[PDB]
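See structure below.
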Amino acid sequence: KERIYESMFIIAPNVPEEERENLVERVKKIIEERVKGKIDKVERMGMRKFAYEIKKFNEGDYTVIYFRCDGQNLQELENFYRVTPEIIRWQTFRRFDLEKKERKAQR
Numbered sequence: 005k006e007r008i009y010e011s012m013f014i015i016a017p018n019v020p021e022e023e024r025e026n027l028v029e030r031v032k033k034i035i036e037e038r039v040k041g042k043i044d045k046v047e048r049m050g051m052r053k054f055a056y057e058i059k060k061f062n063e064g065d066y067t068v069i070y071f072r073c074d075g076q077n078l079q080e081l082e083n084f085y086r087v088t089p090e091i092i093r094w095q096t097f098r099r100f101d102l103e104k105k106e107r108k109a110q111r
């Protein structure tokens, strides 16, 4: 069956908010068209302060995207992040807990 992932990415706070929203849209399209993932949820968490600096910023605009795919093209997303300096931090995780939960819901 398909695997469930989260990807959280943080946009630098000196990027205008409309450009921030466009970056979000670009990430969605990378997941849809390149990862070949189905998006389940986009959580726009908005601006949040860090414990200590990241790339010399003290805050950044958080988004988490929950998606499912076959796990074979995840590098498409990683490679988008690698070339996009406006995204100052990201992390992508397979959500085994959510896969287990779904199997449980189904029975």
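So for the sequence shown, the authors' numbering puts the first residue at 5; every next one is plus one.
Quick reminder that beta carbons are idealized off the backbone N, C-alpha and C, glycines included.
CB-CB length for residue i against residue j, believed under 8 Å
i: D74; j: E23; result: Actually they do not touch by this definition, with Cβ atoms about 32 Å apart.
i: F97; j: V31; result: Not quite, the Cβ-Cβ distance comes to about 15 Å (not below 8 Å), so this is no contact.
Sequence-distant residues of the same chain with beta carbon closer than 8 Å to residue i, five excluded per side
i: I58; result: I14, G64, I92, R93
i: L78; result: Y9, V39, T96
Span of the beta strand (DSSP E), counted from its first residue to its last, around residue i
i: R111; result: Taken as a continuous stretch (DSSP letters only), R111 belongs to no beta strand (DSSP E), as it is neither H nor E.
i: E63; result: 61-73
Contact test: residue i Cβ vs the ligand COA heavy atom, cutoff 6 Å
i: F13; result: Because no ligand of any kind appears in the structure shown, any question about the ligand COA cannot be addressed here.
Status (buried if at least 16 other CB within 10 Å, exposed otherwise) for residue i
i: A109; result: exposed
i: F100; result: exposed
i: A16; result: buried
Residue j beta carbon less than 7 Å from that of residue i
i: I34; j: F71; result: no
i: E90; j: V28; result: no
i: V46; j: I69; result: yes
Close-in-space but distant-in-sequence residues of the same chain around residue i (CB under 6 Å, 5 per side omitted)
i: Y66; result: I14, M49, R52
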